[PDB]
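The analysis underlying the following values was restricted to heavy atoms, covering all of them including side chains, and did not include hydrogens, waters or symmetry mates. To find a chain, count down the sequence lines: A is the first, B the second, and so on, and within it residues start at 1.
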Amino acid sequence: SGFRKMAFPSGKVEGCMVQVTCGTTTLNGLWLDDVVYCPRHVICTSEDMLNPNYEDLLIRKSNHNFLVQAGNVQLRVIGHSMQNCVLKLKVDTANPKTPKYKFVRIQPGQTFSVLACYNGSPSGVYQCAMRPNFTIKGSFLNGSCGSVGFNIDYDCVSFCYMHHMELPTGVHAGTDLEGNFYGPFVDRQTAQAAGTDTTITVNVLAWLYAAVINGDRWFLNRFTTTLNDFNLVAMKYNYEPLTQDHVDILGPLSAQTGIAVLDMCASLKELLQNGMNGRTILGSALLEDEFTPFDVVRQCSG
Amino acid sequence: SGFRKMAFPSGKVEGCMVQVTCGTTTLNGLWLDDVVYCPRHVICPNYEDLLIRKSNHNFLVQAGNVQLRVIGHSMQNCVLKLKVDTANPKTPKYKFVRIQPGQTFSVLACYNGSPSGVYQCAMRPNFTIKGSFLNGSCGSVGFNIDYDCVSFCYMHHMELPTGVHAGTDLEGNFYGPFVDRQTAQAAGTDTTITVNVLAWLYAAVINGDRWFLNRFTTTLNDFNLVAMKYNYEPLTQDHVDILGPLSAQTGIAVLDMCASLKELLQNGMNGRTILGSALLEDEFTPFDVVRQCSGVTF
Ligand SMILES: C[C@H]1c2nncn2CCN1C(=O)C[C@@]1(C(=O)Nc2cncc3ccccc23)CCOc2ccc(Cl)cc21
Ligand SMILES: C[C@H]1c2nncn2CCN1C(=O)C[C@@]1(C(=O)Nc2cncc3ccccc23)CCOc2ccc(Cl)cc21
Ligand SMILES: [Cl-]
């Protein structure tokens with residue numbers, strides 16, 4: 001029993017965190033095998049960030065300009081290449097702590113753990129979700145760039161996010177590990193803003209099923225809804241449209257609890273209308289949207 | 001910017017998690033140097049009588065795909081200490097510390113000696129933890145990290161009927177009036193950790209949310225009279241002193257933040273949120289707020 005926002009154990013990722021310095025700029029790098037991955041803006045100064053020509057800035061650098069520090073050991077850079085917004089620094093030592101890993105690009109609504117790092121040293125771990133507007137509501141200060149987001153599937157680390165910037169609303173933007181930004185963001189200090197964010201409907205429903213599994217049914221009702229009527233109501237509260245894929249994905253939780261997905265949708269519609277009336281659901285007075293159907297099944301069952 | 005419920009990096013603890021099996025019971029053990037620590041109920045009660053009937057070879061300890069050989073066993077309060085022939089080469093710098101209610105720690109939830117998740121939680125004033133544990137989670141540990149030293153403060157033993165959890169320090173002393181047996185046990189009436197709510201209000205101010213601030217102040221006694229009415233823990237001069245740094249950084253005296261908290265208790269949030277929460281959050285200590293809002297690393 002109990003339902004917590006649970007991060008993956010960070011050990012496999014901690015053994016990959018390194019410090020990358022280029023000139024006056026210091027950030028974090030991810031050392032996997034003989035390559036250190038880091039944001040390409042490590043080659044920029046603050047002035048360069050308005051309209052940086054990364055190809056032009058990078059061609060002026062040599063291997064020895066990049067100082068890579070793994071613990072108290074300086075790694076030697078023997079090559080460098082840029083792939084989208086990520087710099088790949090070839091080093092002369094393969095990381096003996098390299099876990100079984102893969103690079104995965106996630107979709108909005110997906111969750112992941114973030115190992116926040118400063119100067120190549122892990123400081124904390126928390127759970128995040130890729131917002132529908134492609135930002136993450138992280139906890140990141142200056143020096144956190146290069147910190148990564150991941151999931152662990154059996155013994156395999158799936159790296160899905162690398163931190164690049166904080167937008168003016170305090171939310172965060174980054175790339176997958178191939179350097180492709182999530183959303184319409186660029187690694188420039190040009191005027192950029194997160195789009196209007198919305199609630200991840202499929203995740204709220206997953207969390208309502210988690211509440212039912214843990215013994216809370218106060219919010220259920222005798223009603224059902226069509227998917228279209230649910231979406232018409234949902235959109236009015238800035239909730240993401242629920243697709244047939246989402247309904248299919250919620251099938252297992254629907255079967256375990258005996259509550260049809262559209263029956264849970266009617267409950268959600270009523271919660272949006274009435275609020276909680278001084279009550280809580282899994283210790284929360286707000287509808288929680290950073291647990292996926294997969295996270296609920298993992299935490300409530302195994 | 002941002003404020004998350006943040007756990008310590010769990011790597012130093014992950015390298016200590018082992019599986020302990022005795023008969024039909026499988027749970028988790030903490031392998032530090034040549035000793036594996038686990039709940040004494042793995043032998044299940046008259047624990048001295050149950051333990052004397054066991055031999056070393058009855059305890060199957062598995063560290064990854066390697067079976068460790070138990071060469072001795074002893075009980076300390078509600079923890080079983082299994083002496084093994086191999087010292088854990090991954091043993092971090094560590095200490096066993098007993099925490100006070102209101103103090104927070106990270107929990108590395110484990111099943112079959114394998115870490116599955118990490119989350120942050122607080123020792124409630126009623127000595128329970130609002131954890132997330134399933135069957136097989138016994139032996140999972142709570143910890144804090146200071147510099148490079150892991151301070152182990154909790155070992156999971158049981159779930160109470162309300163779904164909250166009970167355990168011991170690493171010396172096997174239970175937190176709370178709990179006992180390790182299948183019997184009628186219930187968590188006492190819980191209270192809110194006042195110093196932690198104030199720490200979280202300071203974190204909200206640091207993060208740019210000031211809507212709840214007011215021009216008013218209060219006395220410590222008047223604040224405590226109001227706080228007692230709302231099942232909040234009394235705020236002591238120690239708590240006020242501990243909040244000194246956050247008070248200086250934001251320019252809001254601790255009793256000035258107390259007046260804001262008094263108004264939040266008597267009037268609610270009025271459709272508003274604080275750090276994305278419609279409830280007053282009490283599982284961040286003043287130190288957790290400073291650490292997260294300064295980027296301390298390990
Ligand atoms: C590494 C950092 C640097 N360090 N010394 C020189 N430079 C120059 C390059 N740097 C940046 O510009 C990083 C920066 C950024 O967003 N950094 C931050 C990230 N996360 C959380 C933060 C919290 C507080 C302050 C800054 C934060 C600063 C703002 O503007 C942008 C715009 C586009 C991009 Cl891709 C990145 C950035
Ligand atoms: C390890 C477990 C065992 N497994 N197979 C044989 N045994 C015998 C010993 N075991 C217990 O009795 C453990 C138990 C307990 O509380 N276990 C649990 C812990 N955390 C979360 C849980 C979620 C769902 C169900 C059980 C959970 C079960 C209930 O009653 C008590 C009462 C006193 C004590 Cl100290 C422990 C327990
Ligand atoms: Cl995905």
For chain B against chain A, give me the donor-acceptor pairs closer than 3.5 Å, one per line with atom names and distance.
{"from": "A:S1", "atom 1": "N", "to": "B:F133", "atom 2": "O", "distance (Å)": "2.8"}
{"from": "A:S1", "atom 1": "N", "to": "B:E159", "atom 2": "OE1", "distance (Å)": "3.0"}
{"from": "A:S1", "atom 1": "O", "to": "B:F133", "atom 2": "N", "distance (Å)": "3.1"}
{"from": "A:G2", "atom 1": "O", "to": "B:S132", "atom 2": "OG", "distance (Å)": "3.3"}
{"from": "A:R4", "atom 1": "NE", "to": "B:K130", "atom 2": "O", "distance (Å)": "2.8"}
{"from": "A:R4", "atom 1": "NH1", "to": "B:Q120", "atom 2": "O", "distance (Å)": "3.1"}
{"from": "A:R4", "atom 1": "NH2", "to": "B:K130", "atom 2": "O", "distance (Å)": "2.8"}
{"from": "A:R4", "atom 1": "NH2", "to": "B:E283", "atom 2": "OE1", "distance (Å)": "2.8"}
{"from": "A:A7", "atom 1": "N", "to": "B:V118", "atom 2": "O", "distance (Å)": "2.9"}
{"from": "A:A7", "atom 1": "O", "to": "B:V118", "atom 2": "N", "distance (Å)": "2.7"}
{"from": "A:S10", "atom 1": "N", "to": "B:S10", "atom 2": "OG", "distance (Å)": "3.0"}
{"from": "A:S10", "atom 1": "N", "to": "B:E14", "atom 2": "OE2", "distance (Å)": "3.3"}
{"from": "A:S10", "atom 1": "OG", "to": "B:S10", "atom 2": "N", "distance (Å)": "3.1"}
{"from": "A:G11", "atom 1": "N", "to": "B:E14", "atom 2": "OE2", "distance (Å)": "2.7"}
{"from": "A:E14", "atom 1": "OE2", "to": "B:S10", "atom 2": "N", "distance (Å)": "3.3"}
{"from": "A:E14", "atom 1": "OE2", "to": "B:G11", "atom 2": "N", "distance (Å)": "2.8"}
{"from": "A:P122", "atom 1": "O", "to": "B:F298", "atom 2": "N", "distance (Å)": "2.9"}
{"from": "A:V125", "atom 1": "N", "to": "B:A7", "atom 2": "O", "distance (Å)": "2.9"}
{"from": "A:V125", "atom 1": "O", "to": "B:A7", "atom 2": "N", "distance (Å)": "2.9"}
{"from": "A:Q127", "atom 1": "O", "to": "B:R4", "atom 2": "NH1", "distance (Å)": "3.3"}
{"from": "A:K137", "atom 1": "O", "to": "B:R4", "atom 2": "NE", "distance (Å)": "2.9"}
{"from": "A:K137", "atom 1": "O", "to": "B:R4", "atom 2": "NH2", "distance (Å)": "2.9"}
{"from": "A:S139", "atom 1": "OG", "to": "B:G2", "atom 2": "O", "distance (Å)": "3.4"}
{"from": "A:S139", "atom 1": "OG", "to": "B:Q292", "atom 2": "OE1", "distance (Å)": "2.6"}
{"from": "A:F140", "atom 1": "N", "to": "B:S1", "atom 2": "O", "distance (Å)": "3.1"}
{"from": "A:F140", "atom 1": "O", "to": "B:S1", "atom 2": "N", "distance (Å)": "2.8"}
{"from": "A:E166", "atom 1": "OE1", "to": "B:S1", "atom 2": "N", "distance (Å)": "2.9"}
{"from": "A:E166", "atom 1": "OE2", "to": "B:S1", "atom 2": "OG", "distance (Å)": "2.6"}
{"from": "A:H172", "atom 1": "NE2", "to": "B:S1", "atom 2": "O", "distance (Å)": "3.4"}
{"from": "A:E290", "atom 1": "OE1", "to": "B:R4", "atom 2": "NH1", "distance (Å)": "3.4"}
{"from": "A:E290", "atom 1": "OE1", "to": "B:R4", "atom 2": "NH2", "distance (Å)": "2.8"}
{"from": "A:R298", "atom 1": "NH1", "to": "B:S116", "atom 2": "O", "distance (Å)": "3.0"}
{"from": "A:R298", "atom 1": "NH2", "to": "B:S116", "atom 2": "O", "distance (Å)": "3.2"}
{"from": "A:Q299", "atom 1": "OE1", "to": "B:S132", "atom 2": "OG", "distance (Å)": "2.6"}

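Under the rule for a ring pair (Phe, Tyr, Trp, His ring centres under 6.0 Å), A:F150 has no partner lying at least two apart in sequence or in another chain. Partners of B:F298 under the ring pair (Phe, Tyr, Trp, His ring centres under 6.0 Å) rule, at least two apart in sequence or in another chain, are B:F8.
Between chain B and the options A:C128, A:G283, A:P122, the largest number of non-hydrogen pairs under 4.5 Å is found for A:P122. Among the candidates A:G2, A:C117, A:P9, the residue making the largest number of heavy-atom pairs closer than 4.5 Å to chain B is A:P9.
Only the backbone of B:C293 has a heavy atom closer than 4.5 Å to any heavy atom of chain A. For A:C300, the part lying under 4.5 angstrom from a heavy atom of chain B is the backbone only.
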